[PDB]
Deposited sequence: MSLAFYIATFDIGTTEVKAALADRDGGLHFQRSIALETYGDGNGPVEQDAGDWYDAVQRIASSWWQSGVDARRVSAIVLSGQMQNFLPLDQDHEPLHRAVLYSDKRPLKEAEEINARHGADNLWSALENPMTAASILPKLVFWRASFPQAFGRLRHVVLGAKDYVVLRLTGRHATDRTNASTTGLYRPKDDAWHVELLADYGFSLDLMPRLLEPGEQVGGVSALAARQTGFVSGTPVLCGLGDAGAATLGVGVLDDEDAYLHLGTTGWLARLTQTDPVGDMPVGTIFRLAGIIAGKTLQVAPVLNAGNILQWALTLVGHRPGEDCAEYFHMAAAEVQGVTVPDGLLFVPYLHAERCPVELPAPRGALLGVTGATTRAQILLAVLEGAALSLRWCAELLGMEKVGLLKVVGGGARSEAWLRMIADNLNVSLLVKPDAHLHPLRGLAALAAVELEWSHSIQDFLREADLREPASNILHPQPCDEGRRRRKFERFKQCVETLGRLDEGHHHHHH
């Protein structure tokens, strides 16, 4: 017998990652191609969509020339960046650089849309934020500055991997997980928000077809086979946005499962049964459809996360050009055995924030300093403050019944921060290493089911796992931790003046 594979790709924000997955959950022939982002942090956040497909071509070529027979690739499936704005013409050629999720230039457009339609009406329909980063504000902003290119508009691509799927198959599709993020999809109707699009003069023909992640979009076309070396006719599945694929990949499959991404920025998520949406949150919350039938992933994006720990290295002597490794080591060593006084509190909003509070300007402060305060207490207070912000997100997400948080990202290298999170959220934590592979694992599992390699995603993932210790919360004076948390919320409000 010879090995057969699922080709998995993640068209990420900074690189395209890929692997050939076997039925036992192994990820072979791993590849990474870096992507360039344009805008220099000055407002635009943009990429050339052709670079995404160029990466896929380079990857596939590297597989065939490493001895892989493309006929043994039984399916291709992708995840990638969500909440993109990429306008294409009738030849599927870009009319502008793809605009990434973190670009929030269209503030006035979002304000106008919320005013015209009613912020509460939109939240009820979309179950997801309508902000400057949303796709309708970006499409209106683009039409206004580029009317000639707008006249050539035929397709609006909403997620990076959907552009690659279009190049491979000739068909425009997207998954409902990504669709949720855009502010254009109505989860309870399972349809694009027709009357919102029509009000702004946009035809539904611009939008991709909604497909389930395991559904086949089409086979690789003859042209795409010439361009990539994949066998024409190989099934290309729709796949799903990277948040969905990554959470699946670590086994976030059941009600009250939960996930925390601790990168430079991060996000906290709770999977739960789909329910009617409540009142508009103060604090941004996404409700992502489509990852698991009958369930919704509630997500709180956090713009102050690992970057807070990185900032704090200044206190141990880090300077702008220097390598950080030794300073992280020092900071970790300095907080061992230390306790934060109840009165010392660090409000960690060094950058604008979305959750748990909408803050367009920083609100960073160290409060309660006395002559007894030590630098070590301050460094630990910084981790505590970051954890208290996460506790507030957890409250907004309704995470009282969550038993275990799966944790990923470079922030999890801080053992002291993990202790602060477990104790303050009163939740057990399991760190899942090698985060760049998690979406590929999720994609492999969902494709394995469609190929009849496995009966379910759960079966596939558990077998792959047969190839670590949970961190549990310390008993606390619950009341005492709660009171500090309530003080934290009071201080955040008061600092707003």
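Residue ranges with no C-alpha coordinates, please: along the deposited sequence, counted from 1, in order. Residues lacking C-alpha coordinates: 1, 469 to 471, 502 to 511.
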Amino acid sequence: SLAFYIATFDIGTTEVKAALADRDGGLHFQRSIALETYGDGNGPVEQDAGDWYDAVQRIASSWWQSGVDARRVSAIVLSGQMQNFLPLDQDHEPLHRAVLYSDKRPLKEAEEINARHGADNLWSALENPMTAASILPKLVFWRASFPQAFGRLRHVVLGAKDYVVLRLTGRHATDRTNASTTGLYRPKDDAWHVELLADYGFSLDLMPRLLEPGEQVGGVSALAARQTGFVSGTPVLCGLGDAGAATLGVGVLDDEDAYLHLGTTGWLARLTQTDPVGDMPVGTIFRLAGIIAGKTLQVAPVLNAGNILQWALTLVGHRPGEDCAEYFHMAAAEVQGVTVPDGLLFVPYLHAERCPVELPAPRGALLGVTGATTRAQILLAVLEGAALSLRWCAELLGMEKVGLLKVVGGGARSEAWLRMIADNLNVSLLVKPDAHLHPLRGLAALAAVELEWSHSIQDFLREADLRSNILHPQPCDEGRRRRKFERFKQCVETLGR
From here on, numbers count along this sequence of modelled residues.
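Name the higher of the two by mean Cα B-factor in the PDB entry, 486 to 494 versus 2 to 10. Averaging CA B-factors over each stretch, the winner is 486 to 494.
Between 458 to 466 and 30 to 38, point out the one with the higher average CA B-factor as the PDB entry records it. Higher mean C-alpha B-factor: 458 to 466.
So if I compare the CA B-factors in the entry for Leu197, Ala325, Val299, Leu168, which one is the largest? That would be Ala325.
For the CA B factor values reported in this entry, which option in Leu153, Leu107, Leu158, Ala412 has the top one? Each of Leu153, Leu107, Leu158, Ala412 was compared by C-alpha B-factor; the highest is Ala412.
Record-listed C-alpha B factor of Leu446: chain third: As the PDB entry reports it, the C-alpha B-factor of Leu446 lands in the middle third of its chain.
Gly251 by Cα B-factor - lowest, middle or highest third of the modelled chain: Its C-alpha B-factor, which the entry lists for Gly251, ranks in the middle third among residues of this chain.
Would you check the entry's CA temperature factor for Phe202 and let me know if it's in the chain's lowest, middle or highest third? Top third by C-alpha B-factor.
So where's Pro439 on the chain's Cα temperature factor ranking, which third? For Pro439, whose C-alpha B-factor we compare with every modelled residue in the chain, the answer is the lowest third.
By its CA B factor, does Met280 count among the lowest, middle or highest third of the modelled residues in the chain? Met280: CA B-factor falls in the highest third of its chain.
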